[PDB]
Amino acid sequence: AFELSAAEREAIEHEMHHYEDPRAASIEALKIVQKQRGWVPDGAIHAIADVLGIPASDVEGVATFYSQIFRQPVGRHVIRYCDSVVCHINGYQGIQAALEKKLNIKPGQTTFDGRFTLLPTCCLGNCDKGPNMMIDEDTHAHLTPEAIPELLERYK
Amino acid sequence: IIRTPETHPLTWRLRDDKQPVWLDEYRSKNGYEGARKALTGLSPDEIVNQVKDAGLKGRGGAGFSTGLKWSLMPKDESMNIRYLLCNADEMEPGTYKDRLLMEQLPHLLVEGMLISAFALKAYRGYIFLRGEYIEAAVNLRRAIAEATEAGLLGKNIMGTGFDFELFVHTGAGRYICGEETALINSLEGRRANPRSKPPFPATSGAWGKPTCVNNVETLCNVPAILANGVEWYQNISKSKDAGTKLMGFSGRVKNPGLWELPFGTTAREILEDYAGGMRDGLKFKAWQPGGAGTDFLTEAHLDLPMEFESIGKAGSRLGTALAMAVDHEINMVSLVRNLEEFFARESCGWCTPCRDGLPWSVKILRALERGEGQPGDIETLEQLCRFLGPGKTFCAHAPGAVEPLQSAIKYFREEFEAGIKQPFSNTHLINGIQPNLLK
Amino acid sequence: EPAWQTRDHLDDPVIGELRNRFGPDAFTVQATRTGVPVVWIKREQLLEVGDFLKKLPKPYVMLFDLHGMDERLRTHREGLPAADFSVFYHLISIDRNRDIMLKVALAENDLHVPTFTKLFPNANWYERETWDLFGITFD
Amino acid sequence: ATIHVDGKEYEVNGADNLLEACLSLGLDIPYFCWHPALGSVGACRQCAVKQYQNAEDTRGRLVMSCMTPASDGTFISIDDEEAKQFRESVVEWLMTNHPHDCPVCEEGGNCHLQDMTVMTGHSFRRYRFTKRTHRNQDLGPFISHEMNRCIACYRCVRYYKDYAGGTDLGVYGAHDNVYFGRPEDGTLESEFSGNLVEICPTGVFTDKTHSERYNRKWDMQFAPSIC
Amino acid sequence: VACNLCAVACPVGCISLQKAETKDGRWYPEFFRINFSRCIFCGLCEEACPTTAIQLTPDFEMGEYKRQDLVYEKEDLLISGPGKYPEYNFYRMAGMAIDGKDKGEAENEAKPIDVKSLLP
Amino acid sequence: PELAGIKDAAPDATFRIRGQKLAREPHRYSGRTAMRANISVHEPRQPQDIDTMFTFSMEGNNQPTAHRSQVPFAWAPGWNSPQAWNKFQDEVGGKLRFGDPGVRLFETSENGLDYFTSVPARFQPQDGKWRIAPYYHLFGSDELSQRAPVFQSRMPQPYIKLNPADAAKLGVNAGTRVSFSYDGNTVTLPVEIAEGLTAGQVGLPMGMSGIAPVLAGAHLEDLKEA
Ligand SMILES: Cc1cc2nc3c(=O)[nH]c(=O)nc-3n(C[C@H](O)[C@H](O)[C@H](O)COP(=O)(O)O)c2cc1C
Ligand code: SF4
Ligand code: SF4
Ligand code: SF4
Ligand code: SF4
Ligand code: SF4
Ligand code: FES
Ligand code: FES
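Protein sequence lines, in the order shown, are assigned to chains A, B, C, D, E and F.
Residues in the first sequence are numbered consecutively from 11, following the authors' numbering.
Residues in the second sequence are numbered consecutively from 4, following the authors' numbering.
Residues in the third sequence are numbered consecutively from 12, following the authors' numbering.
Residues in the fourth sequence are numbered consecutively from 4, following the authors' numbering.
Residues in the fifth sequence are numbered consecutively from 61, following the authors' numbering.
Residues in the sixth sequence are numbered consecutively from 683, following the authors' numbering.
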């Protein structure tokens with residue numbers, strides 16, 4: 011059971027105002043639902059399909075195509091550590107090891123309380139200040155393994 | 004390091020406190036004068052001809068000339084619905100130039116999109132921005148709001164009757180969205196499978212309409228051409244590639260950053276005179292000129308100008324001209340394994356060789372990393388490199404994927420040959436069945 | 012060139028001898044993997060071709076085989092003469108250590124060939140079997 | 004139009020692409036993603052031939068024949084060694100993740116993928132790693148789903164959506180985890196969903212009604228009848 | 061697995077069988093009959109079997125009083141053990157899910173990755 | 683004489699391809715000495731087909747280049763899939779080689795009919811009467827298709843379709859059972875609400891259990907809640 015809120019529907023329709031085809035607002039509609047509810051549940055695909063007038067298979071294919079549209083329940087905070095080449099040169103592996111030691115999880119899954127979830131991510135476009143890590147809205151550069159506990163303690 | 008407007012057209016108005024320049028400060032530092040000249044004194048065909056004669060090539064990595072791409076637009080007046088897209092995705096690893104360009108000078112990008120939309124007769128413009136550039140999105144939206152507040156965007160721009168609306172479309176985090184036809188597909192809210200050419204996006208792009216996709220940096224050099232003149236732009240450097248370029252070395256160097264240099268600048272000048280060379284106690288081993296999709300080059304190629312044709316004959320691509328340096332401490336098998344893991348997880352899955360041959364190379368490189376390599380693995384990698392080239396795959400993601408692999412095999416074959424420790428074994432013995440002992 | 016490669020055997024001296032005796036348009040050379048020159052001979056020239064091969068300096072002394080073939084359902088007959096049926100004659104020259112196949116095309120209604128029993132006495136049972144299993148008359 | 008295939012002249016229709024023109028002449032080019040009714044999209048990269056600029060050209064270039072128009076005076080080669088090796092490599096790349104399923108698969112003896120694996124002459128496996136797997140969906144009483152056998156040729160989605168007008172079948176996922184099916188388990192809504200069993204070149208979509216009393220194609224007695 | 065490869069590989073056509081499926085989803089012969097009055101003991105069915113189910117064994121004493129009794133049904137062919145090939149199991153290699161063997165549990169198979177998973 | 687074209691639909695039983703009939707089963711048809719061995723070890727006589735040009739055996743022709751239009755199945759060597767129809771066509775995606783089977787009975791007339799002046803009046807919803815709107819189903823309207831056991835799961839439960847205004851007039855909701863009598867046969871069906879239906883009409887699924895397709899356009903009496 012999934013009911014869209016009034017604010018979500020208003021934002022989705024305002025995004026449909028920006029394009030000449032309502033299908034073009036599918037990515038932003040999924041992002042709006044994800045921003046409001048943490049992720050995109052199974053009924054959200056059908057709700058966006060009925061709002062946009064496009065089939066639910068198209069919305070599901072878009073949601074499963076893109077990496078930042080979550081189709082599984084995540085924690086209240088998302089760690090996104092850059093595993094790309096420049097951060098590998100600058101030692102992202104120590105950062106990943108420190109994150110695995112602190113969270114006591116493997117990458118891809120969530121903690122037992124749903125407080126963090128850990129994700130290897132693409133290049134963040136901050137390679138001159140590598141290694142980099144993206145918490146929910148904040149980018150962090152010049153990472154050291156010792157700074158992981160003092161950086162992760164400010165996100166509850 | 005001084006930055007005059009005559010030799011640093013893209014970075015001379017940058018602020019020393021790393022703060023963005025808004026509309027009043029931009030107009031103070033010679034802002035929207037090229038847009039005013041273009042909209043009040045030039046026909047759109049004249050602006051396209053000036054961009055073509057200025058030698059402005061693309062900055063996304065392909066290096067195609069902007070004037071030739073703009074000249075592919077149809078001459079029919081019946082199709083007045085036209086789109087201009089700005090590839091602000093910057094999803095290539097090793098690239099951080101568009102982030103600097105939009106996080107601190109958004110009005111330069113807005114003015115360039117305005118000029119290019121007037122030149123292309125484009126009625127709408129979209130900035131396809133990645134979802135990780137939150138600050139760049141905020142700055143671009145504020146700059147757009149200030150531009151329509153001052154009448155620089157919307158209906159009847161500068162009293163000329165030209166209507167242009169600019170939107171910011173934030174992406175959902177996929178590398179293949181940077182491909183121009185795949186960018187068009189993701190703009191339409193579809194899966195970012197790239198399209199085949201012909202037909203080109205100029206003939207029928209976004210929603211079947213004439214559409215031109217250009218990089219952030221190209222639309223940043225456009226106002227400099229339209230303001231300071233064409234003959235000023237051709238006389239920036241004595242090279243076949245006219246104009247400046249955002250170049251810079253990154254990765255375990257003394258000064259990892261980004262600077263604006265004319266074309267023809269040698270790679271050793273960027274590494275030594277700008278990046279300060281390698282860090283303490285690090286021996287330089289290799290470098291990539293244009294990010295993750297470019298071939299590795301050795302220290303012998305460091306005395307080469309950073310032009311498209313110069314790096315092309317060396318066996319690599321100039322790309323985004325943002326070079327990355329690899330020292331002696333890094334194992335090349337591990338680095339190419341990380342690169343191929345990126346390129347195999349960022350496949351779009353449309354076409355067979357990339358989708359089913361990049362993971363095979365990934366697993367081979369994983370085996371070479373752990374010392375579990377078997378004979379025929381390097382031959383398999385070379386076959387994959389020659390069978391994932393241009394034309395064999397549907398788009399250019401897989402040739403750019405296999406370029407570092409073949410370059411590392413060509414220059415550092417002893418590191419790949421050191422991972423082969425086990426004999427080849429594909430079958431296990433089945434009791435009662437004698438195997439066919441092939442020789 | 013492996014042993015199974017499709018050869019035309021135009022370098023065989025028997026092909027040159029047949030060309031010098033009967034002319035270049037009297038027969039058609041078929042490229043096969045049989046290892047022998049396969050030569051489609053017109054029906055009216057079959058007896059003189061067999062006599063000419065029997066009177067060679069190193070002659071084809073043995074009729075190795077003689078049998079028919081129903082070619083009505085054969086779809087890949089490119090480069091072959093039009094034939095509802097055909098009769099092949101495999102001859103061996105022991106002195107040359109060579110062998111040649113001669114093929115005679117036959118229409119569906121006109122299923123009769125001149126007999127080979129005068130040149131080779133062992134053609135009798137082969138022609139009896141070809142008549143028995145294909146209906147090809149031997150005059 | 005006039006084409007030259009392997010040095011032999013052929014007269015074809017210029018409006019067709021190269022793959023359908025060559026298949027109309029009896030030439031055998033392997034192909035997966037192209038269908039005569041669905042058009043060409045150039046996904047599977049199986050139909051590769053070598054095209055030359057003129058008669059006096061030796062290098063050439065690999066092109067997809069399904070996406071190459073059969074223009075007048077077009078010089079190509081199917082039996083070129085490079086094109087044969089690339090087509091064999093495409094079949095091999097498809098074969099790296101394919102399940103060991105032919106005896107217990109309803110498409111055996113009727114399988115386009117089997118026919119093109121044999122046609123390319125690829126019979127030796129040099130891939131020693133793991134193969135990806137997928138869960139299956141319930142598509143209703145008619146179509147049985149087996150996602151492991153997929154080669155990502157996109158024929159099902161193109162037919163069911165662009166041709167049949169259906170809405171509930173689609174492609175999900177990414178790089179090598181592309182999934183073809185419904186977003187959830189349920190009956191395929193289209194009245195023409197049964198043609199997926201002939202559109203799909205593999206054993207992903209199979210006739211479940213036939214799969215109850217299954218027999219192989221060589222064991223059937225057929226007749227030309229009218230529905 | 062009732063794949064009918066032995067039946068078609070038989071040049072005499074003396075093997076008849078029908079595929080049936082259990083509830084877990086494994087294939088098996090509903091019936092299996094060999095007409096041993098026709099069989100030439102050529103071993104082509106054993107050669108064509110991809111599961112090593114059908115085997116030709118060292119036993120020559122099969123004389124019968126009635127020719128109808130030379131038609132051996134499945135109850136006369138199925139033995140208690142693996143015969144000449146002791147360890148091969150086709151369903152440990154096949155990709156279909158059966159009882160005791162789910163998806164990704166066969167040889168050289170990875171676990172199925174859902175398209176909804178958070179990893180790229 | 684109006685059916686004189688059906689002679690040319692297929693050739694007669696004397697039709698041969700180079701003297702041989704057309705095969706019904708493929709070349710590798712298996713088990714010919716064992717499918718009936720449980721009944722008797724003696725092989726039965728092959729069934730003779732005197733009616734048609736086909737034979738109940740492999741002893742026949744199914745070549746893709748055979749001069750015929752009736753093709754029992756597509757198979758070419760190296761093409762065992764449904765893609766062998768490419769081998770059976772002159773050009774792929776076109777017609778069958780040597781023509782498609784079937785012949786049109788009638789040609790287009792030179793002169794047409796006249797305009798039908800019998801223009802009907804508007805639909806008048808009369809109380810007591812109920813116009814039966816036909817609702818056809820692909821799985822359930824054809825009789826023999828209904829007899830197929832696999833269609834029983836695919837076919838839906840029979841729902842009598844009602845307008846929201848008419849359902850409010852009867853007071854019946856969505857899912858409740860109402861009973862109606864036609865030809866002295868009181869049968870009951872559960873109600874599904876059809877908004878697109880026009881008031882004064884009641885929707886009936888045709889071909890189903892008890893609902894004959896002759897009810898299209900037929901009036902209805904005694905629509906009451908059961
Ligand atoms: C896999 C792939 C990824 C790409 N990513 C980007 C990108 O992130 N940003 C970009 O400007 N161009 C990218 N490109 C290049 C575009 O296809 C296109 O050439 C460019 O965006 C616009 O051309 P321009 O340089 O003339 O402006 C990518 C190309 C490929 C094949
Ligand atoms: S090479 Fe093929 S599968 Fe890979 S990203 Fe491009 S179109 Fe997609
Ligand atoms: S789809 Fe084809 S290749 Fe795959 S298991 Fe089935 S018969 Fe074999
Ligand atoms: S399910 Fe079948 S038709 Fe669809 S992409 Fe896979 S192989 Fe092709
Ligand atoms: S051994 Fe007997 S049953 Fe087996 S293939 Fe030969 S004749 Fe047939
Ligand atoms: S005995 Fe072997 S070949 Fe015959 S049906 Fe069973 S598994 Fe197939
Ligand atoms: S490589 Fe990590 S930010 Fe670019
Ligand atoms: S058939 Fe041409 S690429 Fe698929």
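C-beta atoms are modelled at their ideal positions from N, C-alpha and C, and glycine is treated no differently.
In the three-state reduction of the DSSP assignment, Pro407/B falls in the helix class, which pools H, G and I.
For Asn100/D, the residues of chain B that pass the 8 Å Cβ criterion are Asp359, in the order they occur in the chain. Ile412/B does not reach chain A, its nearest Cβ partner there being about 17 Å away, counting only Cβ pairs nearer than 9 Å.
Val61/E is outside the set of residues whose beta carbon lies under 8 Å from a beta carbon in chain A. Assigned with DSSP and collapsed to three states, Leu441/B falls in coil, not helix or strand. Taking a C-beta distance under 8 Å as the contact criterion, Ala146/B and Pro109/B qualify as a contact pair. Nearest neighbour of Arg373/B by Cα position, chosen from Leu342/B, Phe397/B, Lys424/B, turns out to be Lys424/B.
At least one heavy atom of ligand 4 lies closer than 7 Å to the C-beta of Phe183/D. Counting only Cβ-Cβ distances below 7 Å, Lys41/A has contacts in chain B at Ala175, in chain order. The beta carbon of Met309/B sits no closer than 8 Å to any beta carbon of chain A.
For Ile94/E, the enclosing beta strand (DSSP E) stretches over residues 87–95.
For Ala80/E, the enclosing beta strand (DSSP E) starts and ends at 75–81. DSSP places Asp118/D in the uninterrupted alpha helix (DSSP H) bounded by 115–122. Neighbours of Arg700/F in chain C, taken as residues at a C-beta separation under 7 Å, are given in chain order as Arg83, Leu84.
For the region 76–108 of chain A, the set of positions with a beta-carbon nearer than 7 Å to some beta-carbon of chain E reads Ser77, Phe80, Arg81, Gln82, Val84 in chain order.
Following the DSSP letters along the chain, one finds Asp166/B inside the beta strand (DSSP E) bounded by residues 165–173.
Runs of the beta strand (DSSP E) lying entirely within the region 39–93 of chain A, each at least 3 residues long, are 87–92 in chain order. Put simply, the CB of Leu138/E is far from chain F, with every gap to its CB atoms at 8 Å or more.
When Cβ-Cβ separations below 8 Å define contact, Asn196/B makes no contact with chain E. At the C-beta level, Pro172/E and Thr136/D come within 8 Å of one another. Rounded to whole angstroms, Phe299/B and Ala411/B show a C-alpha spacing of 6 Å. The alpha-carbon separation between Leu129/A and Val174/D amounts to approximately 24 Å.
Note: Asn20/D is bridge-paired with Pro72/D in the DSSP secondary-structure output. Distances between the C-beta of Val54/B and the heavy atoms of ligand 1 are all 7 Å or more. Against chain F, the CB of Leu26/D has a partner CB under 8 Å away; the residue lies at that interface. Listed in chain order, the non-local C-beta contacts of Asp31/D below 7 Å within the same chain comprise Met122, local neighbours out to five positions each way being set aside. At least one CB of chain A lies nearer than 8 Å to the CB of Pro180/E.
Each of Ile179/B, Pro197/B, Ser350/B, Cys351/B, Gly352/B, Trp353/B, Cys354/B, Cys357/B, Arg358/B, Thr396/B, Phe397/B, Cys398/B, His400/B, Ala401/B has a C-beta closer than 6 Å to some heavy atom of ligand 2; these make up the full list, in chain order. Excluding the 5 residues flanking it on each side, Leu368/B has same chain C-beta neighbours closer than 7 Å at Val336, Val339, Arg340, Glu343, in chain order. Secondary structure note for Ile99/A: it is in no beta strand (DSSP E), and the uninterrupted alpha helix (DSSP H) holding it is 95–99. At a cut-off of 8 Å between C-beta atoms, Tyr175/D counts as an interface residue with respect to chain A. Within chain C, the C-beta atoms nearer than 8 Å to that of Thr747/F come from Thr86, in chain order. Between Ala324/B and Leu261/B, the gap from beta carbon to beta carbon reaches 8 Å or more. Annotation: the region 197–225 of chain D contains the following complete segments of the beta strand (DSSP E) (minimum length 3 residues), in chain order: 208–210. For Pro130/A, the uninterrupted beta strand (DSSP E) segment begins and ends at 126–131. Take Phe63/C, set aside five residues on each side of it, and the residues of its chain with a beta-carbon closer than 7 Å to its own are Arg32, in chain order.
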